[PDB]
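Enquirer: Have a look at this fold, sequence not included:
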RNA sequence: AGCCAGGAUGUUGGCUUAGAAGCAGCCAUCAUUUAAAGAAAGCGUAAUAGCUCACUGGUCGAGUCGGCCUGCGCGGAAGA
């Protein structure tokens, strides 16, 4: 579970997510798992996806995780009436805009990558799609 | 395998062999085996040597498309699991009778030996010739 | 014991940046005090030693071979390393020192264990029984 | 070798832009040198295929328009966020 | 036999088959591979 | 003239088929005759140089008249002989160790010529060089 | 796509293992006869053997195969 190392605050407004990805292009490896969906990846989801990905590809092949949570999610303690101040910071999430590159891979064959990313997508909530580094 | 390139090139090999070949022989393993082949083709290798090369491809649209130019008498060999074999290394060879004897001797058969024509011999061992 | 070029008995101290065993033979560096500094034959650190003073160095062998360090490497953890415990018993030489290094930069699970050997042969089978376990992606003498 | 047919655009702007991009054809532009920057509409499919070749982003392209076989070097392209399709291209006139 | 919402070929012999609309996976090899639904 | 029954090709000692794997139930599951096999094999291979695991093919007859078919001791063994190596490598072509001489192998490829595939000793010599690949050996002229 | 045959030899390759011979592990990933046969893709034996495959030839003889982009549906889908 990746977690922000001490933020400026402790709680953040719910906000929204009316947008598109910025890191749309694959940055490092010649492989990436672009997220087609529009969601909120929990640290758990990300770390788990990494595990499965990694497991599949053995220790060979470098991997990057383009996303990072940095969005504290508060929630009320089960069974408490609305109000009485904002809830406790249950966990952390990372907002995902359609077309957001998630994980990137390199040093391994396209086929294996395709499979690892398949498993990653499986673990992940939002729908994704396989991609390859673009030549400019 | 690729295409017309190798096909036509193997055909060049064909012309090569017929260019100075004598009584080319027909070849068609019915139920022979590779273990036998180890000393089989090796034996052709003991005959003339690099001579026998059973490039199976008696396809009427393939090797047969490559046939015409030399010893067109070869066509007759078109349908079913058959092939070709010449006699470039052998003007007036005894190479043909070798196939008869073996036709009934450990090889099941090889198109039952009939060949084509240079010393005027279809299904006929080239008997009347100095060894 | 160690036939330092035609004579044994000579006080020496084994190097601690390498693990010499009765194999490649050993280069012998003469320290100020503590007599001889066996550093195994052929080693980078050994290289700098020669670099500054070749004259005070002569070879050595084994005459008539114990204690060594090994770096086994495992997959993260969640328990199968406990599997390694089970192996602790099967290992003949008493483990001398546990030293896991799971740190580095990733989820790597290396362990610098220190033990001993009675004969190079026996060592062979050592690596064998280490290579068998799937979680033991790596197992080699640390230097 | 990357020869490409293309039409002159006559409706620059986001509206027609998307209106066109929906029509399996997308806007892109040729510019560079003292020559006047030129809005260029062009078929999506063909180029979608051409780009697969890395040379498409190195080899001098030969866009054709009204008989004008202008040669241009590939400069930049705005791919869609996720849908495997082009949205816009930047042909440095060469 | 399995009754998954996600049937898939399990071996070389596994074969997808749409009986009366219900999708199925009959398999000449291991009977266990037989599964329905999806 | 029998062809199929107990005809399998098995490496066996040129004149010492006594252990279990070389003889024992290795031909026992196939049911082969230790007895006469010894008598004749020994009786004739005593003239043959001993100690090298030459390949042999058991050929059974209808009333059990066996024909062991020895070829020529293993190229790997010939490599141990002429090269003077006692062992190849745990890492074939990753750590070549046994020193070799081309002509030695060529003449040894002539013995193997005596029994191989084709006609040219040299092509068979390449097979022996291929054997050297199989075990990880340094080549030397 | 079916149907015929063959699918090896050197040599059971080496380290290794009682045995690793195609098939415990690791390396090698060559040669040969080749139409084709990988020191082997699945199965199989204590290892073998053996079953099969890739591959190649025969016949038939017209397209067939694998992905992508989208329209519309199917399954997923049980409550008093």
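Expert: Structure's in. What do you need? Residues are numbered from 1 along each chain as shown, chains lettered A, B, ... in the order given.

Enquirer: all contacts plus neighbour counts: C-alpha atoms, from now on.
Expert: Fine.

Enquirer: Going by residue numbers, what spans are helices in chain C?
Expert: For chain C, the helices identified by DSSP state H occupy C:44-52, C:80-90, C:120-131, in order along the chain.

Enquirer: mind listing what residue D:51 touches?
Expert: residue D:57 (C-alpha atoms under 8 Å, 6 or more residues apart in numbering or on different chains).

Enquirer: if you set the cut-off to 10 Å instead, what comes out?
Expert: With contact set as C-alpha atoms under 10 Å, 6 or more residues apart in numbering or on different chains, residue D:51 has these partners: A:134, A:135, D:2, D:57, D:86.

Enquirer: quick one: the first one from chain F, how far?
Expert: In this case it means residue A:134. Residue A:134 sits 37 Å away from chain F when distances are taken as C-alpha to the nearest C-alpha, to the nearest Å.

Enquirer: Shouldn't that residue be within a helix?
Expert: No - secondary structure of residue A:134 (DSSP: H, G, I helix; E, B strand; the rest coil): coil, not part of a helix.

Enquirer: Can you report how many residues neighbour it?
Expert: Neighbourhood size, residue A:134 [other C-alpha atoms under 10 Å in any protein chain shown]: 14.

Enquirer: same check, this time on the third one
Expert: The number of residues packed around residue D:2, counting by other C-alpha under 10 Å, is 15.

Enquirer: now the last one
Expert: Residue D:86 sits with 22 neighbouring residues when counted by other C-alpha under 10 Å.

Enquirer: For it, list each beta-bridge partner.
Expert: Beta-bridge pairing of residue D:86, defined through DSSP bridges, involves residue D:79.

Enquirer: Farthest-apart pair in the contacts of residue D:51, please.
Expert: A:134 and D:2 (18.3 Å; C-alpha to C-alpha).

Enquirer: nearest to RNA strand G, of the helices of chain C?
Expert: Distances from RNA strand G to each of the helices of chain C were compared using C-alpha to the nearest atom of the strand; the minimum, 6.6 Å, belongs to helix C:120-131.

Enquirer: centroid residue for chain D?
Expert: residue D:28 (4.1 Å; C-alpha atoms, centre = their mean).

Enquirer: doesn't it fall inside a strand?
Expert: Yes - when the secondary structure is assigned by three-state DSSP, residue D:28 falls within a strand.

Enquirer: Can you tell me who it pairs with across the strands?
Expert: Assessed by DSSP bridges, residue D:28 has beta-bridge partners residue D:40.

Enquirer: and the gap between it and residue D:11?
Expert: Going from residue D:28 to residue D:11 by C-alpha to C-alpha, to the nearest Å gives 12 Å.

Enquirer: How far does the biggest strand by length in chain A sit from its chain's centre?
Expert: Determined from DSSP state E, the single longest strand within chain A is strand A:88-96. Taking the mean C-alpha point of strand A:88-96 and that of its whole chain, the gap between them comes to 11 Å (C-alpha atoms, centre = their mean, to the nearest Å).

Enquirer: just checking, what packs against that strand?
Expert: For strand A:88-96, the helices and strands in contact under the criterion 3 or more C-alpha pairs under 10 Å, 6 or more residues apart in numbering or on different chains; DSSP states H and E are strand A:39-42, helix A:43-57, strand A:71-75.

Enquirer: Now look at the first one and say if it contacts chain D.
Expert: No - with C-alpha under 10 Å from any C-alpha of the partner chain as the measure, strand A:39-42 is seen stopping short of chain D, the closest distance being 15.0 Å.

Enquirer: Packing partners of that strand?
Expert: Using 3+ C-alpha pairs under 10 Å, 6+ apart as the contact criterion, the secondary-structure elements in contact with strand A:39-42 are strand A:71-75, strand A:88-96.

Enquirer: if you skip the residues just before and after it, what's nearest to residue 2?
Expert: Went with chain A since none was named. Residue nearest to residue A:2 in three dimensions, not counting chain neighbours: residue A:43, with 5.5 Å by C-alpha to C-alpha, 6 or more residues apart in numbering or on different chains.

Enquirer: meant chain E actually
Expert: If the residues on either side of it in the chain are set aside, residue E:2 comes closest to residue E:35, at 4.3 Å by C-alpha to C-alpha, 6+ apart.

Enquirer: Check the secondary structure at the nearest residue to residue F:119 once chain neighbours are set aside for me.
Expert: Using C-alpha to C-alpha, 6+ apart and skipping the chain neighbours, the partner closest in space to residue F:119 is residue B:45 (5.6 Å). Assigned state for residue B:45: helix (three-state reduction, three-state DSSP).

Enquirer: Hmm, residue A:86 and residue A:14 touching each other?
Expert: No - look at residue A:14 against residue A:86 with C-alpha atoms under 10 Å: they stay out of range, at 11.4 Å.
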